[PDB]
């Protein structure tokens, strides 16, 4: 079923909104070393919290698509924006895609 792909919808929405708002904060002004270092850690934890809420099939997709940062290097503002954009896009794509596809399967069933 299409609906079994997201095992914990409310959690995924919760982590997703956190990520989107962090990306918005980053876009607004230049960061410094300490916050870049922090955001990197948050990014790694984020992927795991997301995976906790998704079916294995999508964990494996997410794992193919994303990549944790080298722990011996603080990534730049731009790297972090890319890492977070990917997650936001995929997450909005994820929900919008399921709802759209589901709505269409119900429209075909009424005929």
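Residue numbers count along the first chain shown, from 1.
Look at the mean CA B-factor for 67 to 75 and for 22 to 30 in the entry; the higher one is 67 to 75. On average the C-alpha atoms of 54 to 62 have higher B-factors than those of the other stretch, with 76 to 84 and 54 to 62 being the two compared.
Annotation for residue 91: C-alpha temperature factor in the lowest third relative to the rest of the modelled chain, per the entry.
Remark: residue 102 belongs to the highest third of its chain, ranked by C-alpha B-factor as recorded.
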